[PDB]
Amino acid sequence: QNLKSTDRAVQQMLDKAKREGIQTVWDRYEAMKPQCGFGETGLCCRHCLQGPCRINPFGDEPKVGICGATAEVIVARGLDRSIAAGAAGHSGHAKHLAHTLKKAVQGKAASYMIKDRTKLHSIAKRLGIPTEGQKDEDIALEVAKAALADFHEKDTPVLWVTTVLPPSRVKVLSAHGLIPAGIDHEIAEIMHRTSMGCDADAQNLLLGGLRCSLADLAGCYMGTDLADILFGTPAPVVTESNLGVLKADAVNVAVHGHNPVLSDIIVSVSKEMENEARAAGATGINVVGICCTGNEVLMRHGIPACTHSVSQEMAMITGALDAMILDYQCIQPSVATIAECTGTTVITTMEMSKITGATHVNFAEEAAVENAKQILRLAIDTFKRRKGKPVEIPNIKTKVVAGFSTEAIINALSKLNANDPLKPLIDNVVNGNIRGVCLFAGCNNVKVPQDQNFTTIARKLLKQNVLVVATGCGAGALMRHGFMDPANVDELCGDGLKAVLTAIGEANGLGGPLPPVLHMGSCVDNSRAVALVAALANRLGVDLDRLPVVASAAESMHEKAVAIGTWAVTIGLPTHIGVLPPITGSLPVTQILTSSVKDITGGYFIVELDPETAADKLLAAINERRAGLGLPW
């Protein structure tokens, strides 16, 4: 089970699933081998009914699509659609939050409100929305209207791109025509241009893809902005992670998905429901997190993270998961089937994300508390049905210090320099105590022993004094292996990095360092890392492609992660991907994405499936940036 997951709690549940005959994601993967090499390489096209077309990577015919589409066209078109799908997910999430804020300040959903008034005003100012003499509800209405306006063409480009990157970076992108005109506009233009008999030039196709990835970035940043306004900006929190956060004697309720519009409500209402749970024989309601919705309520409320990504079925295999409350994205639909064996009540809540066999609750912001109570009462009913039964919760968990929003990081740094908070960070980059910054983002992927790439790469970078930040299930992987426990700083961090983490932590009164890795939140909260990197670029007076900052999607799977990797490249970062993307079927496409895009945006992809090698390549990229700034390395 060690070849499936490096997580010991997951291994224990895989043994339980095996002896109970419950098929897992790893079993379904084994049943799929060998996988199709045309698809793996990207040399397959089904964009019209003359297809499917395939191209042999090497050898004899077929060498070209039926319509004449070349390998480079087919590969670039498929990649573009993946970027568009990723953009559609992040921006649907943001769109939902924009409508929630609008309803809240028009008096249509009293369960929602402006919780972070300071963030509201800063966003409005960044957007050019006047605040002086205005009511908060009017400013927020204007912010929500501006958010919804960025989805379509208008007098301005997408402001959640042009107002969040430095002017020098926006100029570079505008010169190549890469600034999105509208978020859903770009998604649709990708689907048009990649349909049959349309765009058939790999360079033109990929430039369209870069622009669509900036539409995804805008969705991410808008999602983070709006959730912070509605639910509060994260500040440092201490909690726990892994399956041992389930409690046999409590009603265990997992929030799972990405959009916390309901799950933030679930957290608040579950406290109100405690006595009702106690009357049922439980100690209380134990809300735990799965995937990015779990990250959202971990960041803001300290809700412990149960598990992530590829191993999400294992939470149910314990026998103690009374309910799993789903919104959308990255939910394995197997959970609906597994629930018949484990007793878990799986509940969908969003109209456009239903799973055959799961109970659906039609959540509406107008009825959010009432929906939450209906959902939690199903969970309490489920706990009663297992009162007495034996469960197997692995007694395995880690300590997690998290909640490092960019505002929180700036505040923490401000204890070392009040009026120039970025300077202590840059000082230590310059003097070598901090070699560079690496963002770990993205998913787990069944092809990769779970967490192996994230932890192998992270260990090597931390020893070389790289400041490591993490989001999504990359944060999940590192959190479950102790990388967010400050007690592991001595073991994990090089001397220079340790000195910096200790100095900042002691100055924030902690008596100990910051954790080895800074948890910056959910997948949309990759936008927080952009905010930090852009602030560093502005403070240094350089563009992002001169900073010693890299990204690693070390184990990625979702189309959303393809979009994020592409916009990391587009804003200027060396961007590692640790699984094979479907580009190896076209050498020209691969050369554009890993080499010649350097000449356009300054960023580039680093495809490397071996984690030790990937870490060396990421260190080389960081050290090249150091050399270009004239620094020692």
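Quick note: we count residues from 1 along the sequence shown, nothing fancier.
As the entry records it, the average C-alpha temperature factor is higher for 103-111, out of 469-477 and 103-111. For the pair 268-276 and 479-487, the mean Cα B-factor is higher in 268-276.
For the set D216, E132, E313, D525, the maximum C-alpha B-factor listed in the entry falls on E132. The PDB entry gives the largest Cα B-factor of the residues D545, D80, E189, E366 to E366. When the modelled residues of the chain are ordered by their C-alpha B factor, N417 lands in the highest third.
Looking at the C-alpha B-factors along this chain, the one for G319 belongs to the highest third.
Among all modelled residues in this chain, the alpha-carbon of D451 has a temperature factor (C-alpha) in the middle third.
The deposited CA B-factor of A69 belongs to the lowest third of values across its chain. When the modelled residues of the chain are ordered by their C-alpha B factor, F383 lands in the highest third.
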